[PDB]
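Using the entry's author numbering, the letters of the sequence shown map in sequence onto residues -9 to 451, 464 to 1295.
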Amino acid sequence: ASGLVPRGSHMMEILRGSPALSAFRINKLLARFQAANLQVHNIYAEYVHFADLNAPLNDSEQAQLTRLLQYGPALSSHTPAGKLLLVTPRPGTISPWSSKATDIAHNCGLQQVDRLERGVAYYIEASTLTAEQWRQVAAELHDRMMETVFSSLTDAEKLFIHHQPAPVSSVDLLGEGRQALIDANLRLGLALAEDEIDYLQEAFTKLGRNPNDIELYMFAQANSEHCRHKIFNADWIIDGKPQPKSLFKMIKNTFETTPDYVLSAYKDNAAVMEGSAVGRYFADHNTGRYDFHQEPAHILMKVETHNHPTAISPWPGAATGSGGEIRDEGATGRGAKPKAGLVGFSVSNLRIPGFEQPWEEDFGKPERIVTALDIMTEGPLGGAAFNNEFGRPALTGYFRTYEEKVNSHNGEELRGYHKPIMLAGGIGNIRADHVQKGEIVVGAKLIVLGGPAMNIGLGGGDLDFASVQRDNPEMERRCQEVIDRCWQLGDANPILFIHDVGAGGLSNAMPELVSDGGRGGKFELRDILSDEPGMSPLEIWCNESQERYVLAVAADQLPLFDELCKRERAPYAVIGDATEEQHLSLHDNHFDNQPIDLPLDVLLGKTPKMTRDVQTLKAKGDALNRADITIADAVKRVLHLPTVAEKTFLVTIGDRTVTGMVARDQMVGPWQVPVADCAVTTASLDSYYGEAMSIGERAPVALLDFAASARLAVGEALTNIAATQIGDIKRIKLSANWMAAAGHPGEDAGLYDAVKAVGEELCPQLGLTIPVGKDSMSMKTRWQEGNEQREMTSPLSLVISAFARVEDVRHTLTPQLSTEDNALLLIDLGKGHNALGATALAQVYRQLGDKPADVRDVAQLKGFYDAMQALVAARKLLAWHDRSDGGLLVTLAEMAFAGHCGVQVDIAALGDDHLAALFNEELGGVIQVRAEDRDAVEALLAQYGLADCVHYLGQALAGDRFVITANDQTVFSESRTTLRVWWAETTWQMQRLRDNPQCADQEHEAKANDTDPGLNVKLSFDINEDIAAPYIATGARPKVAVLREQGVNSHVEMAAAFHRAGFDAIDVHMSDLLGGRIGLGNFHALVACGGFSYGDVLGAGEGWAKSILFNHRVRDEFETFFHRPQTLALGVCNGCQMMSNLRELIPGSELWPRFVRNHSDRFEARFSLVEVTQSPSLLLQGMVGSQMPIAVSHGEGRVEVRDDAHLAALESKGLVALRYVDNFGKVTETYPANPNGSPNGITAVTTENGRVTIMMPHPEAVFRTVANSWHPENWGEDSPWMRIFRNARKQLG
Ligand SMILES: Nc1ncnc2c1ncn2[C@@H]1O[C@H](COP(=O)(O)OP(=O)(O)O)[C@@H](O)[C@H]1O
Ligand SMILES: NC(=O)CC[C@H](N)C(=O)O
Ligand SMILES: [Mg+2]
Ligand SMILES: [Mg+2]
Ligand SMILES: [Mg+2]
Ligand SMILES: [Mg+2]
C-alpha cells in the first residue's frame, strides 16, 4: 500500500521492495561494524523504489507498477525496526538503474512514469551509539563518490527536482583585459598555458567580442594533453642533441616500413587489417531472414586506457573504459562490429587483509583515491559489467601488481601504480567498402545517436565528482544494433561518417566530424537530448556523458535512419547541418541567442609545437642479494605474486562465449585452468579462419632499462601468440599503449629511447607494423603523508597488444601437457644470459636487481616465430607455453597444472646458477612434442639458427610430482597439487572477499583434490548423425522466430544453429511484434535468445516478459502460440528467464521455478558439466543420459522454488531436463561445478507436453566443436549440442 505525495508539478510514489542483502553480506556488515568498535545489534536492508509521476495511475496501472517492482531473490522480509538510513544516488544524478527501469515502465504502457529511482533502506538497531558513531555507520553504508544518506524516505523527492536551464555566461575580455581570461582559466579549470591565453586573447580581440564560457571550455578540452597529444608530436633535444623525429613519427616508421595487409592506420580511432573471405551472417533488411554473405571480413583493432577516473571511482572508470573503446570500434569507417575484448590492470600492492605478503609495505596513499585492492575488487566488475551487458566476449588480459621503494633512474624512490593502468581493447570485423570514411555532402544531417545526456565528467575531472563516470551498456548495445543495420545495408549504408563521443563531449566530436569532411556546422542546442534540463550551454555541449556517437547522414536517408533507430529503440536526434562555410555555429532556441559563433580555423588553430629538452638518467643496477633466498622459498613467493598467480577472479566474471565465435579462451583443458597465452576467435560461424589477440608488457624492466622493457613487451606479445597458425610475421599488427610520468626525472628521455627502440629498430627489423596506439602521460600520484611530500611514480609502461588473421583456428596449441610419450624442449631466447634484474623473483624479495632481460638477438626472435609457425602448421606440437613473469619455473608449473600431471626435468645445461636458470624472464618458452618427433623438431629449430638456444629438459609424466634435477642433485621437488593450490591462493582470497565466501572456498578446495578427472563426456547418441538431413534435402525450410528484445545479444549464433538444422531463421524484435510487422501465427517454432534485456533491471527477463503481459494484444499472441498443438519453443538464458516470467501463458508450466541471483552473488561465465535427464522435452530426444560440457554465462541462473513442496512436485512430475554434475558425474550443488546454487543441479525444465523447454546454459554458443573451450580430440564439426536444433527440425516434419 504505497506512498504518493506532491513533488513539484509531479507526484512522487514510494513503493517498498524486497530485501536487499543476503545473509553473508549482512554478516560482513556486522563484522565491519564490530571491527570499528560500533556496537550494532542488527541490520536489515530493503530496496525502496521512487516513482515520479506526471499524471495519475488507475487501479489496473498501479497494480502493474507494483508488479514491475517485484523482483529478485525471495529473501525473508522483516518489519522495519531501529534507525532508518536511506542510501540513494546523489541529488543531481540519475542512476543507470533509473534509465533502464523507466524504459521498462514506458514499454509496459506507463507513460505517467516520468522517472523511477531506487534506494536501499537500512534499518539499524544500535541503541547505544553517539552522533559521531552514527556518522561512521552512515559512512560505512554508502559510496561517497556516487551516493547520499537520508533520514527519511520522503527525502528522495530531492532526486527529482526540476531545474530551469542555466544561461550562457560571457567572459569580459573587452571590459577587463587579459585578467578576465586569467580569472576564467582558474574559475572553470581550463588549465590553459600562457601561450593559449595569448591565442584566445588575440582571437577574441580580432573578433571584437567577448568569448562565452562554452567557447573557452571547448577550446581548453581540445587543447589538453589527453586530446592533443602534444608530447607525441613534440620536437626533442636529448643530452644536447636535437632529434629528427617526433614519437608519433617513430611509430609511423613501422607503417612506412611494413604497410603489408594494412587497410587503415592513423586516420580513424582504430586500425584495420585484411581478414578472410567468409560467410558474414545477418538478417536481410527486406526479408528479416538470416543469411550467410560470402565476403571479406576485415579486422579492426583498438586499445585504450581510463587511468585517471579509475583511481577515483573504479567501477564506472573501468566500465566506461570498455564502453568508450567499444564505441571507437563500432565507429570505425562507416560502421563496424565489435567482436571480442581484452582487459588490462596495473595496480599497487593488494595487501589483502589476513593475506599480506612479505614483500608488501604500506606506503600510504592520497585520501582522495581508492586503494589497489578496491580497484581490483570493483574495477574488474565494472569492465565485466560493460562487456557482459553490451555482449562481447572478453578473452585475454593482464594483471600486474607493483609498488616498491627502489633505486631507479632518479635514485631511491617509490615506484608503483596508485594511479592505475585500466586498459580496454578489442577486435572487430568490418566490410571492405566501409573501411574508408565517406565524404560529407553540404547539407548532410548531423546526428547524435545514443543516450540523453547529463552533466557527467565535465572536463575529464569538494569531492572530485567530475571524475566519477557512468555506464549504461544496454544503451550502447541498442546503438550498435543500429550501426549493424547500417553496415548490413552494404552499398545502401546511410552512414557517411561516424565517430565516438569521448573527451570534450560534443564540443570535440562535432567539430572533429565536420572538419574531417572539410565542412562547417550549424547546430541547435535544444535539439540535443537531455536528461538534465538545468544544464548550461557549456554543460550541454561539453559534458562527457556516455553511449553517444556522432554521425552524418544525407537528408533523404533520414526516414530510413529513423525506421532503423525506432525498431532498435535507439534514441537519436538530428542536431545540425553540415555547411560549405567552414564555420561553427551553435544556436539556442530557448534563450534566442548564439552560444558559439566561430570560424573553425580559430577554434581548431594550434599554438606552437612543444619542444622537450631533456637528459638521460640511467640507474646503476645492484646485484640481487640472495641472503634470504632459497629455491623452495622463491617458488612459494613467486606463486603468491598476483602478477604470476591464477587469474580466475578476472576471467569467470566475464562472458567468453557470446557470438559463438570463441575458439580459444583463457581457461584451458578439462580442469579449466586460466593459462591460455592468447585469444582466438573464428572469423565467422562457417569458417575455421579467424583472428588472434595477445598482450606483452614488462613495465618493471623500465626501472632499469627503458628500451629493454619496450623490446620485451613486443617480444612477449609474439611469444604469447606464437602457437597459433598465422604464417607470415607481417600478418601481426600491434597496438602500442604508452604509460609514463612525463616530466619525472629520466622518464622523458626513457620514453623517447623506448619509442625509438621499437619504432625505428625492432619492429621494422621484424616486419611488425604499429598501426594504432595511445598515450597516457601523467602516471604519478603525489600527496602529503604526515609532515612530508610523498610521491608514487609508475615505471614507463608500454603495453603491446598483438592482433593477427588466423589461417586455421583448429591448430592452436595451449599449455595443456599430454602424457603420451613426449619431450619437453626449452627454447631459451635469453642465450644463457639468465638475467634476474626486474623479475618477479627480485620483486618478491623487495629488490630490483642488476640487469634485466632483453631481446638478445633479433634474427633469432624472428627465427623462433617462423620455427613455431612451421611446427604449428605441420602439427608437430603437443603443447606450448611461453616464458614470462616467474620464469621457466612458472612456465613448467602452469603447463603441469593445465595437463594435471607431473614433470621430470633436468636443468644442468642451463648454467650453474639454478636460481637464475629457473627464474629469469628472458624470452622463449617450452614446447612439448611427441617423443618420436624430438630429433626432427630439434633439426627444424636448428634450421632457423636456434640450436644453441634449444635444450631438452625431460618429460611430462602422469601423477603429482614436480621434479627439477641437475644431474644427480634434486634442485626442487614438490607436489604439483601443492604448487597448484598455492598459485590459486590469490584468486581464492579475492573471491572470498568479493563474492560468497562459501563459493570461493568450495572452488578453492576442489583444486586440492588431485582425483578430479576433469571435464569428461558420455554420449547416448551418435554426435555425427545428422538426423535433420533428410528434411533439409527436401529444401522445405520451416521458419523459426528468433526472438529478441532490446539488450539481447546471442541471437545471431542462435539463428545460425537453427539454420544448420534446416530452418529459415527470422529476426523478430519485440518492436516487430508490437508494430504488426510479424505475427506468431505464421511460425511453428520460436526461440527466446540470451543477453541482458533492459540490463536485467527489475530482475533478469522480467521487463521483457512484463512488456508482453501488459500489452493485451501481444500477450494474446504469445498465449495463442503456446496453446497451439504442435508449436515448439525454446528459451535460452535471458530467454529462459523471460519465459519463466511468462508462464501464465504457457500450458503445462505450473511447476516451473524462478531464476534468481546466483548463490555466489557473482556473474558466472563457465564451461560446466551437465547431464541430460529424462523428461518430456522434445528438444532433448535421443540425448538422455548424455554428459557433456556446455557454455554458461549468467548472474541470475539459480533455480528458486516457493518451498520444498514445489521442488518435490516439479521433480515428481519429471520436468527437469538438465542438471549440473561434478566431474565425478554426480548431481551437484557444490560450486562452481554447479555455478549458480540451483537445487538438485536443475538448469533446464520442460512442460508437461514437452513442446516448450527453457534452459540457463547456451547450446547455441557451443554447437560448433571449434567453439568448445575443451573437447574430445575425435569430435568433428558438430558438438553434441547440435542435436537440440536437429531434434526441433525433425519434430516439425
Ligand atoms: N585482466 C585480465 N582479464 C582477463 N583475463 C586475464 C587478465 N589478466 C590475465 N588474464 C588471463 O589469465 C591468463 C594468465 O595471465 P598471465 O599469466 O598474465 O598471462 P601471460 O603470463 O601468458 O602473459 C591468460 O589467459 C590471460 O589472458
Ligand atoms: N547470457 C544471458 O542470457 C545472461 C542472462 C542474464 N543477463 C543473467 O546474467 O542472468
Ligand atoms: Mg603469466
Ligand atoms: Mg604467456
Ligand atoms: Mg604477460
Ligand atoms: Mg578420478
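Note that beta-carbon positions come from the ideal geometry of N, C-alpha and C, so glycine has one too.
{"Asked": "When you compare only the Cα positions, how much space is there between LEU826 and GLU1166?", "Found": "35 Å"}
{"Asked": "Quick check on DSSP: helix, strand or coil for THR721?", "Found": "helix"}
{"Asked": "Could you compute how far the alpha carbon of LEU863 sits from the alpha carbon of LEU1082?", "Found": "60 Å"}
{"Asked": "Kindly indicate the opening and closing residues of the alpha helix (DSSP H) around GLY165.", "Found": "163 to 166"}
{"Asked": "Since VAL907 contacts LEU955 with CB under 8 Å, what's their CB separation in whole angstroms?", "Found": "4 Å"}
{"Asked": "Assign residue 453 to one of two classes, buried (16 or more other C-beta atoms within 10 Å of its C-beta) or exposed (fewer than that).", "Found": "Because residue 453 lies between 451 and 464, and the chain jumps straight from the first to the second, it has no atoms in this structure."}
{"Asked": "Along the chain, where does the beta strand (DSSP E) that runs through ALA1131 open and close?", "Found": "1130 to 1134"}
{"Asked": "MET477 bridges to which residues according to DSSP?", "Found": "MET477 is not bridged to any residue."}
{"Asked": "Restricting to Cα atoms, I'd like to know which of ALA494, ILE802, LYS611 and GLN668 is closest to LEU385.", "Found": "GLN668"}
{"Asked": "Check whether the Cβ atoms of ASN722 and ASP868 sit closer than 8 Å, and answer yes or no.", "Found": "no"}
{"Asked": "Quick one, which of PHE1120, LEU1181, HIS1208 and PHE1112 has its alpha-carbon nearest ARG1156's?", "Found": "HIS1208"}
{"Asked": "Kindly give me the distance between the Cβ atoms of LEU798 and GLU749, rounded to whole angstroms, as I take these residues to be in contact under 8 Å.", "Found": "6 Å"}
{"Asked": "Are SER159 and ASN223 close, meaning C-beta to C-beta below 8 Å?", "Found": "no"}
{"Asked": "Measuring from each Cβ to the nearest heavy atom of ligand 4, keep the ones under 6 Å and list them in chain order.", "Found": "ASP679, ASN722, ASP884 and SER886"}
{"Asked": "Would you kindly work out how many angstroms separate the C-alpha atoms of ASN789 and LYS395, rounded to a whole number?", "Found": "19 Å"}
{"Asked": "Just checking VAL1203 against ligand 3 - is the residue's beta carbon closer than 7 Å to any of the ligand's heavy atoms?", "Found": "no"}
{"Asked": "Does the separation of the CB atoms of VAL811 and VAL1268 fall below 8 Å?", "Found": "yes"}
{"Asked": "Give me whichever residues DSSP pairs with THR195 in a beta bridge.", "Found": "Answer by DSSP bridge pairing: none, since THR195 is not bridged."}
{"Asked": "Where does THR244 land, buried or exposed, given buried means 16+ other C-beta within 10 angstroms?", "Found": "buried"}
{"Asked": "For the segment 344 to 389, list the alpha helix (DSSP H) runs that are entirely contained and at least 4 residues long, ordered along the chain.", "Found": "362 to 380"}
{"Asked": "Assess, as a yes-or-no matter, whether the segment 39 to 53 is touched by the segment 1091 to 1103 under the definition of 3 or more beta carbon pairs within less than 8 Å.", "Found": "no"}
{"Asked": "Hey, is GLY334 close to ligand 1, as in C-beta under 7 Å from one of its heavy atoms?", "Found": "yes"}
{"Asked": "Does the distance from the CB of residue 463 to the CB of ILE94 come in under 8 Å?", "Found": "Absent from the coordinates is residue 463, which sits in the stretch where the chain moves from 451 straight to 464."}
{"Asked": "Using 7 Å as the cut-off, classify the Cβ of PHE1112 as near or not near the heavy atoms of ligand 1, replying yes or no.", "Found": "no"}
{"Asked": "Assign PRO1178 to one of two classes, buried (16 or more other C-beta atoms within 10 Å of its C-beta) or exposed (fewer than that).", "Found": "buried"}
{"Asked": "List the DSSP bridge partners of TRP785.", "Found": "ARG792"}
{"Asked": "List, from N- to C-terminal side, the beta strand (DSSP E) runs of 3 residues or more that fit wholly inside the segment 52 to 82.", "Found": "73 to 79"}
{"Asked": "Going by CA-CA distance only, name the one from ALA35, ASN1051, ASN44 and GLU1198 that's closest to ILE114.", "Found": "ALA35"}
{"Asked": "Just to confirm before moving on: does the CB-CB distance between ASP997 and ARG978 stay below 8 Å?", "Found": "no"}
{"Asked": "Name the DSSP beta bridge partners of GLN1189, please?", "Found": "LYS1020 and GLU1173"}
{"Asked": "In the DSSP assignment, find the unbroken beta strand (DSSP E) run with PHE866 in it and report its ends.", "Found": "Note, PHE866: premise wrong, no beta strand (DSSP E); alpha helix (DSSP H) at 860 to 875."}
{"Asked": "Would a C-beta distance cut-off of 8 Å place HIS813 and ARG877 closer than the cut-off?", "Found": "yes"}
{"Asked": "Are there three or more Cβ pairs, one per stretch, closer than 8 Å when the segment 309 to 324 is compared with the segment 477 to 487?", "Found": "yes"}
{"Asked": "When DSSP builds the beta bridges, which residues end up paired with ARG807?", "Found": "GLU693"}
{"Asked": "Near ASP162, what residues of its chain come up, given a Cβ to Cβ distance below 7 Å and the 5 sequence neighbours on each side ignored?", "Found": "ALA170 and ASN200"}
{"Asked": "Which first and last residues belong to the alpha helix (DSSP H) in which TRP1106 is found?", "Found": "1104 to 1111"}
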